[PDB]
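Novice: 3D, please:
(2 chains, ligands or ions: 1)
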Amino acid sequence: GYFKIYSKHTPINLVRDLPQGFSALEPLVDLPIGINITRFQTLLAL
Amino acid sequence: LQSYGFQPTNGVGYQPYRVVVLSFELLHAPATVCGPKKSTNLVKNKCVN
Ligand SMILES: *[C@@H]1O[C@H](CO)[C@@H](O)[C@H](O)[C@H]1NC(C)=O
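Specialist: Numbers count the residues shown, from 1 in each chain, chains lettered A, B, ... in the order given. What follows is the structure:
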């Protein structure tokens, strides 16, 4: 019943492929919802 | 829906009571509403509990 979020931003100047390197993820907010989640869709500004 | 009117000269029983019931819902989600928590002063160099 908890929704964990982790985020990390890296300042690496690689063009396209996923960088070959190691970097951890820190927790942002562990908030309760208590509701099942089954689908996912993203939003981009237009 | 009949009228519910009052005057200050009304006696006990006819005096209106403002009633609030603090009901609650539990056991269907992780607990989110709790009470206050005690805070005490820390102690150094003495083995405490
Ligand atoms: C989540 O799924 C369970 C599976 O049985 C169901 O009982 C429950 O009602 C569902 N809750 C929500 C918020 O979808």
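Novice: which positions in chain A make contact with chain B?
Specialist: Applying the criterion CB under 8 Å from any CB of the partner chain, the portion of chain A that neighbours chain B consists of A:1, A:2, A:32, A:34. (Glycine included, C-beta is placed from N, CA and C.)
Novice: residue contacts, the third one?
Specialist: Just to be clear, that refers to residue A:32. Taking CB atoms under 8 Å, 6 or more residues apart in numbering or on different chains as the criterion, residue A:32 is in contact with A:1, A:2, A:3, B:29, B:30, B:32.
Novice: where's residue 36, which helix or strand?
Specialist: No chain specified, so I'll use chain A. Using DSSP states H and E, residue A:36 falls within no helix or strand.
Novice: correction: the question concerned chain B.
Specialist: Residue B:36 is located outside every helix and strand, with elements delineated by DSSP H and E.
Novice: and if you look at residue B:27?
Specialist: Mapping residue B:27 onto the secondary structure by DSSP H and E places it in no helix or strand at all.
Novice: how close does it get to chain A?
Specialist: Residue B:27 sits 12 Å away from chain A, going by CB to the nearest CB, to the nearest Å.
Novice: got the phi and psi for that residue?
Specialist: When quoted as degrees, to the nearest 10, the phi and psi of residue B:27 stand at phi 70, psi 10.
Novice: neighbours of it, just the number please.
Specialist: Applying the criterion other CB atoms under 10 Å in any protein chain shown, we find 5 residues in the vicinity of residue B:27.
Novice: strands of chain A, residue ranges please.
Specialist: Remark: strands assigned in chain A by DSSP state E are A:2-7, A:26-32.
Novice: to residue B:38, which of those lies closest?
Specialist: The closest approach between residue B:38 and any of these, judged by CB to CB, belongs to strand A:26-32 at 24.1 Å.
Novice: return the residues of chain B in contact with chain A.
Specialist: By CB under 8 Å from any CB, the part of chain B that sits against chain A consists of B:28, B:29, B:30, B:32.
Novice: show the buried residues in these.
Specialist: Neighbour-count burial (16 or more other CB atoms under 10 Å in any protein chain shown) is assigned to none of the residues of chain B next to chain A.
Novice: residue A:26: which of the residues you listed is nearest?
Specialist: Taking CB to CB as the measure, residue B:30 is the one of those closest to residue A:26, at 22.8 Å.
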